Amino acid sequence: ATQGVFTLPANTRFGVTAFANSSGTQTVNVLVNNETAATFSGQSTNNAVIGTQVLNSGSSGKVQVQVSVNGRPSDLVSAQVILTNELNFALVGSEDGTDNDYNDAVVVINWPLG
């Protein structure tokens, strides 16, 4: 199944934050309506916050997360959780290697803000 693609409310701010846990340098791309809106990168095995930003979901609300390590795409897992019918989290893990810890880059998207 497709992973790392979420439908957000239209025209709404959301936070996106990325964490690294790998010997490889991660590159995280955040796409909004199929255009690159943010790119984060770093190298840490201790959960460094390699980027955080507030973005707007635009007219379609379509948000996609892509992760790659020196050009090769990582395998993604994802889900969305809603607490008390209001608070949303979209969660992404990714695997760049063979140990299947799926933490090599971790992306958290949260809304609403403010």
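A residue's number is simply how far along the shown sequence it sits, counting from 1.
A summary of the deposited B-factors shows that, of 80-88 and 51-59, the stretch with the larger mean C-alpha value is 51-59.
Looking at 93-101 and 18-26 together, the entry lists the larger mean B-factor for 93-101, computed on C-alpha atoms.
Among the modelled residues of its chain, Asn33 has a C-alpha B-factor that falls in the highest third, as given in the PDB entry. Annotation for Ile109: CA B-factor lies in the lowest third of the chain's modelled residues. For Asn70, the recorded CA temperature factor ranks within the highest third of the chain's modelled residues. In this PDB entry, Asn46 carries a Cα temperature factor that places it within the middle third of its chain's modelled residues.
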